[PDB]
Amino acid sequence: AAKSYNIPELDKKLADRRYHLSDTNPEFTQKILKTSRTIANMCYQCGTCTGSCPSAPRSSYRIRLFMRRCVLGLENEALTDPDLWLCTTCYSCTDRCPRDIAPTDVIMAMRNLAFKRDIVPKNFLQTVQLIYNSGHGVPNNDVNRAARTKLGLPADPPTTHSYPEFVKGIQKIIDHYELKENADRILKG
Amino acid sequence: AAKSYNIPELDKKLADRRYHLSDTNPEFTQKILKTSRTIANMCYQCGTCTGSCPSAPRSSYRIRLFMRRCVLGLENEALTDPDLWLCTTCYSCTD
Amino acid sequence: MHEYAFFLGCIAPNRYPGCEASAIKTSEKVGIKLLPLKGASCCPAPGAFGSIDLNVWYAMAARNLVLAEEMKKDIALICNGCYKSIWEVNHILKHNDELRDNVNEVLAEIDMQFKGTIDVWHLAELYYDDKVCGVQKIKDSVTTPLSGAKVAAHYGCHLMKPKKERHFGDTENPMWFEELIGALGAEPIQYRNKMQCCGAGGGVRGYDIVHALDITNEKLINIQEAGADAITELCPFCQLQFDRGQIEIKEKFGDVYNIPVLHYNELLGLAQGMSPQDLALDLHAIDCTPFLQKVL
Amino acid sequence: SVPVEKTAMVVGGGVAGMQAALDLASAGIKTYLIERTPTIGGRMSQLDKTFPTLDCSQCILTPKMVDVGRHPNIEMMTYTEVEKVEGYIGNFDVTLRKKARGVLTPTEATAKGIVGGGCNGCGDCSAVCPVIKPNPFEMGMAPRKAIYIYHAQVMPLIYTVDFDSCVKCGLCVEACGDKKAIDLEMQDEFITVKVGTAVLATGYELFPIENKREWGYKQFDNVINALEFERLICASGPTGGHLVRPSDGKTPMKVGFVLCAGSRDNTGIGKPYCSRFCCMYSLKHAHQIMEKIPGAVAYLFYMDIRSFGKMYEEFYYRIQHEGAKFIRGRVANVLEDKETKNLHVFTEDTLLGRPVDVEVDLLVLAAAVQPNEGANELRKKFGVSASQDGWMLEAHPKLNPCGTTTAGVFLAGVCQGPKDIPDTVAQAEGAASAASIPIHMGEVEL
Amino acid sequence: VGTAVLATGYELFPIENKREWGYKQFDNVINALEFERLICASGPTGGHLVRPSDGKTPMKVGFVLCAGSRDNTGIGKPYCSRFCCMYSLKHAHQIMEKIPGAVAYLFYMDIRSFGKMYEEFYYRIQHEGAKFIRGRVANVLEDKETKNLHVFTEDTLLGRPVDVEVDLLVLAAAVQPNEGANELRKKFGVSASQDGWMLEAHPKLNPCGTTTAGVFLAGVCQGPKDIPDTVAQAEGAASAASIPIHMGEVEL
Ligand SMILES: Cc1cc2nc3c(=O)[nH]c(=O)nc-3n(C[C@H](O)[C@H](O)[C@H](O)COP(=O)(O)OP(=O)(O)OC[C@H]3O[C@@H](n4cnc5c(N)ncnc54)[C@H](O)[C@@H]3O)c2cc1C
Ligand code: SF4
Ligand code: SF4
Ligand code: SF4
Ligand code: SF4
Ligand code: SF4
Ligand code: SF4
Ligand code: SF4
Ligand code: SF4
């Protein structure tokens, strides 16, 4: 941690672990507050949120550390953390926090910011593809068409699948947020 | 962390991270006290020791975590930690 | 005689149609009229879609709401995740002015607007409530006693949590869904940490599947130790995770679970004399035959 | 401008009220000490020991209690309530409800006309009563008869009777014959007194922790609160001072302490303030379990250990030295095993940064404190405002912590806000001095 | 006289010891009383907190809590000073209000807001933007060019070492009895306590009295206290002293 050496293995092994005041950008923290709609800066690190988490006992995911990073404005540390997509959004932390914080909403805002930096698991992009094409993240197939026919049901449910005219409208919504273009250009090989 | 699976990659990836009271053996902690000749159980985790350490800024070594492990008697976690030989014994924390 | 638009999201019509059919028919024989929405789409799934962009989530859920709005009816649901999306966005847009304005100016591109005139209910909400069909009316509508079956209830997460955003009471030892199973004549059993997430939420079931299965296997261990003959759900996400996950836990790990899991509406159908055939039990990854032989 | 009656009233016979009454009487003012309960002792009479000196609570309090009873300048009206207050600082016409005691004191028996004294305190009546009710002093954990005393060391030992539970069989009447202390048909009495100043010392109760469902206080049988633990650990409690599990009576080897239970909470269920002494009696309880039960280990799930006062930090040092484990993490939730009703406490140890699941045989919640029931009605009777936290409001937050905006009324003790015993006694003495000023001058101007 | 009341108060512990905080050798390191005088409108400047090194307004102020307190090393004090957490919060609020854009960092180790309306004050201080790093300061260096202060400690929450840059550093030093107080309390036959404060007749049920008759204690000389607690103690001592005077006799 003496200085940069330009030897990547040594730069990784001797990374500076000290928090500096240049490591904080407020802009990150008020984007988080203006997107999550929660009083995130009011956390005083009681640890109830982590003690509630079903993901914490089996991984390195710690929601309290993410709250601390949000308070200290440590972008490039929260966003580029693979344990950001282990939150199931079970809302147990939000249900138990003594400060009326919704840490899972902070997680959602962080995930939004991470998507705006091309950091995103590929399942989300595939779901975007599916919803853009058909309006359904979990679409219908021939075998269930046969099953529904055997149930006395119509082959296609009363959805955008039966009525494709609505699908175009859905597409416009995605097209308004440039979401299709980003999903396409990130799904590239 | 549901239970043992006997798939080593999955046992490493789903290791139980929860401290249990079966994870503590006192025998370790009074061997530590009877060898180090110091009042180790009296730590209340102020973090001055880690803030003093020349090894902490450039590695994962945290002397305060080792003190916590000693207090909680977490052998097999302190002993089998590669950041146990990064201490230069500069005695700044003790100072 | 109360009538509701039936939102009918993705998994129930597209993998477990028996849930759809049982919902319509069972709600019909009790005093409720579930009738289709006009081209409803995926409610923007809160995990798999709300993680990458919240504004598209708002816009799509609002479009789903305003379909029923122009339909002049309020929505009934059978999915906890669909409940999260639809009900939460409906609640938010009725109070936040500027978010509603942004949603409306996005929706203006398809000539269709949000104003917030309807309400959203889970079909379980209606099945309990007293003005709508109560628990006694369901108990009366039961033809086959369906007794002699230890049933474990899984509440899910998006229906009742958080307390500060919901209205269902205590999210830590609820008993109401237990009363719903009890009305059918099946005895509900208690198992440790019964309020635990199934692990499929937030997109985790897609992102790192082994982590999600470990959360499901913990739940399944507890449920077997209780001695359950089946698991009951109010969420097709939880349905999918428990059934297919049992298939993938048998594969990935070496844990054998043959516990059938059913949405509550298949249990209502079985209690009300519906056959396994028109409930499409064969589309479940885990065979329901032991449970059916126990109850019939 | 206006004369002042040479009399004072102290409402609440707790340590604050007792100290205020003793101070006023020693100054020479005739004082009324009004107590809701049949005995004066208060909350300090329920404690076993006291932090940080570990002295026995009853032993220090017994001399002070004996003095109030003997003192000639104090009339100690126990088992009475304030019905109405009218007037101002000059003359306060206060009408009091003497609830139906059911048993006569020797003075009252003499006044009635019978030479037989009333209730020497023999206790023969309680030996024959067939009704068994919970005891509020032990608060639901020990049995008591319809005619009873709170405990042995009650200042007025007159054996009150609960007429709402008494079946009027008349067996205690025969048990007390030739003294005629028991009159089963007596009712409330309305008395009017004129006082110059009034001191309010209503005290506190426990916050209802049936809420906060994540800690199964009324759900799981081995989850108790702080005062239940004090009564269980005292040698005069429901058992012989042997801490036992309520579920099966076995001796616990392992108990957790959940600090800040319902405290510093902004969720609207608990309290947003600190109760100022939860940490210290939690430390005291840890010391007591470690001393009494050999090999038992205390776990304190804490957040900002607060040992701020004189000899408080050294008490913390001693407790840590004796082997108490300190996990810095607010308890997330509590489960129990159905077979053995052990309690799984789930939280994070934020230091060491790891999730934690701790087995305990017993779980003790350090609940927040609240104003007593009916304290708001009395506070309105005297025209006193409340604070933002719900406690009685003082005249000035800095330079007048005892006086109120209304003249002639002064506060003392936890009724003004949570405090330790020494702080409570200091406040009581200050309030007594402030009340004595107008009486000693004998005149105030308004 | 008939009775006596001792109210000798307190002074600041000499934080010139405990060398790792450069109180005397670094110019922009001050104590809490100096900070109060510097930020008061009646102080040496017009209430404008300025750096002693060059007179320029600071933008970054650190507060070292527990400075010389809860210390068992024999240099500081082993007790808590009771009010240093609260006036540190007050100082953080004052700097964040008077100087726009200034950030307060409080290096704390057990925030102690126990009194009435104290937790709400702590909530308000955090809401207004004060940063709380849970770690006792390890040491303090200073840059030779710009006399700014490098504060080295660990954020034990977040578990990482930290080096915070501050323009001003304020030490919340411990409190001790005033000089000459021990001689006075010996002159009245009052014994000291094991912390060095004046001893009480009974630690529980007589906080104002003393073993020697007719002598009563009031204020921080009995032990560190807030102003309201000090006033309550003083009024109690006044009442206890007035009782024998009012009666006119002491019964043997
Ligand atoms: C579990 C626990 C442990 C504690 N341990 C310690 C310890 O070790 N050391 C220590 O110093 N402090 C300790 N405390 C704090 C201590 O209990 C208080 O500081 C003290 O009880 C305050 O005295 P008080 O007279 O103001 O309160 P109280 O004793 O509650 O005084 C109120 C009295 O007035 C009566 N009263 C109330 N309302 C009315 C009314 N309307 N009309 C008539 N009478 C009324 C009540 O019946 C009661 O007798 C502990 C507190 C708790 C909860
Ligand atoms: S529960 Fe709330 S206050 Fe506690 S650490 Fe989590 S977010 Fe912070
Ligand atoms: S919402 Fe996410 S962070 Fe909160 S408890 Fe559930 S999984 Fe953990
Ligand atoms: S060992 Fe380290 S963390 Fe513990 S008290 Fe000493 S300096 Fe603080
Ligand atoms: S002796 Fe030096 S290197 Fe070792 S832990 Fe202490 S400060 Fe760090
Ligand atoms: S039996 Fe009579 S004398 Fe004895 S305690 Fe009861 S009332 Fe008093
Ligand atoms: S009359 Fe009442 S108090 Fe007396 S013995 Fe009968 S029940 Fe008990
Ligand atoms: S006194 Fe201690 S336990 Fe009680 S509320 Fe304050 S910090 Fe929490
Ligand atoms: S009052 Fe606060 S800063 Fe002062 S010694 Fe006590 S804990 Fe430390």
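Residues numbered from 1 in each chain as written, not as in the entry; some residues may be left out. Chains lettered and ligands numbered in written order. Part of a larger assembly, values for the part shown. Heavy atoms only, no water. Residues with missing side-chain atoms left out of burial classes, pairs and counts.

Per the deposition metadata, cryo-EM was the technique used to determine this entry, at a resolution of 3 Å.

The PDB entry lists chain C under the name CoB--CoM heterodisulfide reductase subunit B, with Methanospirillum hungatei JF-1 given as the organism. For this structure, the PDB entry title reads "Formate dehydrogenase - heterodisulfide reductase - formylmethanofuran dehydrogenase complex from Methanospirillum hungatei (heterodislfide reductase core and mobile arm in conformational state 1, composite structure)". What UniProt records for chain C under Sequence similarities (unreviewed entry) is the sentence "Belongs to the HdrB family." (UniProt positions renumbered as here; feature names shortened; annotations may be inferred.)

Chain A carries the name CoB--CoM heterodisulfide reductase subunit C in the PDB entry, which gives Methanospirillum hungatei JF-1 as its organism. Its UniProt record, at the heading Sequence similarities (unreviewed entry), says of chain A: "Belongs to the HdrC family."

Caption draft 1: Structural detail: the site of ligand 2. Residue and element names in this part refer to chain A. All residues in the neighbourhood of ligand 2 are listed as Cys43, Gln45, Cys46, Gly47, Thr48, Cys49, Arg64, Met67, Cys97, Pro98 and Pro103. Mapped by element, the contributors of at least two residues to the shell around ligand 2 are α3 (48-52) and α4 (63-72). Within the shell around ligand 2, the residues separate by chemical class into 7 nonpolar, 3 polar and 1 charged. (Near = heavy atom within 4 Å. Helix = DSSP H or I, 4+ residues; strand = E, 2+ residues; numbered from the N terminus. Nonpolar A, V, L, I, M, F, W, Y, C, P; charged D, E, K, R; others polar.)

Caption draft 2: Molecular detail of the sheet that holds strand β15 (residues 254-261) of chain D. Residue and element names in this part refer to chain D. In space, the 5 strands of this open sheet follow the order β14-β21-β15-β16-β17, with parallel pairing throughout. The two strands at the open ends of the sheet, each matched to only one other strand, are β14 (223-225) and β17 (325-328). For this sheet, the mean inter-axis angle between neighbouring strands, taken without regard to orientation, is 25 degrees. Two strands pair when backbone bridges link them, and β15 and strand β16 (residues 297-302) are joined in this way by 5 bridges, in the parallel orientation. For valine 255, the partnering residue across the bridge sits in β16 and is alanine 298. (Pairing = 2+ DSSP bridges. Axes fitted to C-alpha atoms, helices over the stretch in contact; angles between N-to-C directions.)

Caption draft 3: Spatial organisation of the arrangement of the chains. If you rank the 9 pairs of chains in contact by how many contacts each has, first place goes to chains A and C. If you take every C-alpha in chain C and every C-alpha in chain E, the smallest gap between them is 21 Å, and the two do not touch. (Contact = heavy atoms within 4.5 Å.)

Caption draft 4: Up close: unusual backbone geometry. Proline 162 of chain C follows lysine 161 of chain C through a cis peptide bond whose omega is -5 degrees. Counting through the fold element by element, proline 162 of chain C comes out in the loop between β5 (150-154) and α8 (176-183). The residue after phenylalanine 51 of chain D, namely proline 52 of chain D, is reached through a cis peptide bond having omega -5 degrees. Residue position: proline 52 of chain D is located in the loop between β4 (49-50) and β5 (55-56). Even without a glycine there, the phi angle at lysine 180 of chain D is positive, about 60 degrees. Residue placement: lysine 180 of chain D occurs in the loop between α4 (171-175) and β11 (189-195).

Caption draft 5: Main features of the interface of chain D and chain E. Facing the 60 residues of chain D at the interface are 48 residues of chain E. Of the roughly 4,300 Å² buried at the junction of chain D and chain E (both faces included), carbon and sulfur atoms supply 54%. Residue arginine 82 of chain E is joined to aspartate 423 of chain D by a salt bridge in which the shortest nitrogen-to-oxygen separation is 3.0 Å. Of all elements in the fold, only α1 (15-26), α2 (57-70), α7 (312-322) and α9 (421-441) of chain D reach the threshold of two or more residues within the side of chain D that touches chain E. The greatest single-element share of the side of chain D that touches chain E, amounting to 10 residues, is contributed by α9 of chain D. The class makeup of the residues in the side of chain D that touches chain E is 28 nonpolar, 16 polar and 16 charged. (Buried area = accessible area lost by both parts, 1.4 Å probe. Salt bridge = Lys/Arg side-chain N within 4 Å of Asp/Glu carboxyl O.)

Caption draft 6: Up close: the pairing of strand β7 (residues 139-142) of chain E. Side chains of β7 of chain E alternate between two faces, with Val140 and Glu142 of chain E buried and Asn139 and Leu141 of chain E left unburied. Hairpin geometry of β7 of chain E and strand β8 (residues 149-155) of chain E is characterised by an intervening segment of 6 residues between the two adjacent antiparallel strands. (Buried < 20%, exposed > 50% of the residue type's maximum accessible area, 1.4 Å probe, protein only.)

Caption draft 7: Quick peek at the site of ligand 1. In the vicinity of ligand 1, 34 residues are found, and the nearest of them are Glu35, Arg43, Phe51, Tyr204 and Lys419 of chain D. Residues near ligand 1 are shared among chains D and E, making this a multi-chain site. At 2.8 Å, a backbone N or O of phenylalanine 51 of chain D approaches an oxygen atom of ligand 1. Relative to its unbound accessible surface of 1,000 Å², ligand 1 loses 97% to contact with the protein. Its residues assigned to classes, the shell around ligand 1 comprises 15 nonpolar, 10 polar and 9 charged. (Polar contact = N/O pair within 3.5 Å; in protein donor to acceptor, adjacent residues only side chain to side chain. Areas by Shrake-Rupley, 256 points an atom, 1.4 Å probe, with all protein chains shown as cover.)

Caption draft 8: Layout of the pattern of salt bridges. Residues and elements named next belong to chain D. All told, the structure shown has 62 salt bridges over all chains when counted by the stated rule. The salt bridge involving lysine 99 is made with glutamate 81; its shortest N-O contact spans 3.3 Å. Here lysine 99 is found in the loop between β8 (92-98) and α3 (106-112), whereas its partner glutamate 81 is found in strand β7 (residues 80-87), with 18 residues between them in sequence. A residue is classified by how much of its surface remains accessible, and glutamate 81, at 30% relative accessible area, is partly exposed. Put simply, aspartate 188 and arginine 97 hold a salt bridge, and the shortest N to O gap is 2.8 Å. Within this pair, whereas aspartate 188 is found in the loop between α4 and β11, its partner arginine 97 is found in strand β8, the two being separated by 91 residues in sequence.

Caption draft 9: The arrangement of the sheet that holds strand β6 (residues 74-77) of chain D in detail. Residue and element names in this part refer to chain D. Spatially, β6-β3-β2-β12-β23 is the arrangement adopted by the 5 strands of the open sheet, whose pairing is parallel. In this open sheet, the two strands that pair with only one neighbour each are β6 and β23 (409-411). Each strand axis lies, on average, 20 degrees off the axis of its neighbour in the sheet, ignoring direction.

Caption draft 10: Main features of the interface of chain C and chain A. Counting from both sides, the interface comprises 69 residues of chain C and, opposite them, 60 residues of chain A. Between chain C and chain A, a total of about 5,300 Å² is buried, with carbon and sulfur atoms accounting for 63% of that surface. In terms of surface lost to chain A, no three residues of chain C exceed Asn14, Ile52 and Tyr207 of chain C, which account for 13% of the buried area on that side. Applying the counting rule to chain C against chain A returns 3 salt bridges. Note that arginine 58 of chain A is salt-bridged to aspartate 214 of chain C, the shortest N-O span being 2.7 Å. Listing elements by their share of the side of chain C that touches chain A, those giving two or more residues are α1 (11-14), α2 (17-29), α3 (54-70), α4 (80-93), α5 (97-107), α9 (204-207) and α10 (209-226) of chain C. At 8 residues, α3 of chain C tops the list of elements feeding residues into the side of chain C that touches chain A. Here the side of chain C that touches chain A is built from residues that sort into 34 nonpolar, 19 polar and 16 charged.

Caption draft 11: Main features of the environment of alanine 201 of chain D. Residues and elements named next belong to chain D. In this fold, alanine 201 is placed in the loop between β12 (197-200) and β13 (205-206). As for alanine 201 and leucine 411, which are separated by 210 residues in sequence, their C-alpha atoms are 6.2 Å apart. Beyond its immediate stretch of four places on either side in the chain, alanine 201 contacts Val11, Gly12, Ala16, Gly17, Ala412 and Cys415.

Caption draft 12: Geometry of the UniProt feature "binding site: [4Fe-4S] cluster 2" (unreviewed entry) in chain A. Here the UniProt feature "binding site: [4Fe-4S] cluster 2" (unreviewed entry) sits at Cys53, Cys87, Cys90 and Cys93 of chain A. In summary, the annotated positions, though distributed over 41 residues, converge in three dimensions, the widest C-alpha pair being only 10.8 Å. If you trace the backbone, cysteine 53 of chain A turns up in the loop between α3 and α4. Residue position: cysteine 90 of chain A is located in the loop between α4 and α5 (92-96). We classify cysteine 90 of chain A as buried; its relative accessible area is 9%. The contact partners of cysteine 90 of chain A, leaving out residues within four places of it in the chain, are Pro54 of chain A together with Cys157, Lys161 and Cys197 of chain C.

Caption draft 13: Representation of the nonpolar core. Within the largest apolar cluster, 158 residues are counted, with the highest numbers of intra-cluster contacts made by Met110 of chain A together with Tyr127 of chain C. Within the second largest apolar cluster, 67 residues are counted, among which are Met18, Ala27, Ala368 and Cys402 of chain D. (Core = buried A, V, L, I, M, F, W, Y, C linked by side-chain atoms within 4.5 Å.)

Caption draft 14: Local environment of the packing of helix α7 (residues 122-134) of chain A against helix α9 (residues 165-176) of chain A. Residue and element names in this part refer to chain A. For the pair α7 and α9, the least separation of the axes is 7 Å and the interaxial angle reads 140 degrees. Taken together, α7 and α9 sit at an angle that is classed as oblique. Across the interface between the two elements, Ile131, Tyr132, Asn133 and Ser134 from α7 touch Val167, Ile170, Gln171, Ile174 and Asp175 from α9. Grouping the amino acids of the contact of α7 with α9 by side-chain chemistry returns 5 nonpolar, 3 polar and 1 charged. (Parallel < 35°, antiparallel > 145°, perpendicular 65-115°, else oblique.)

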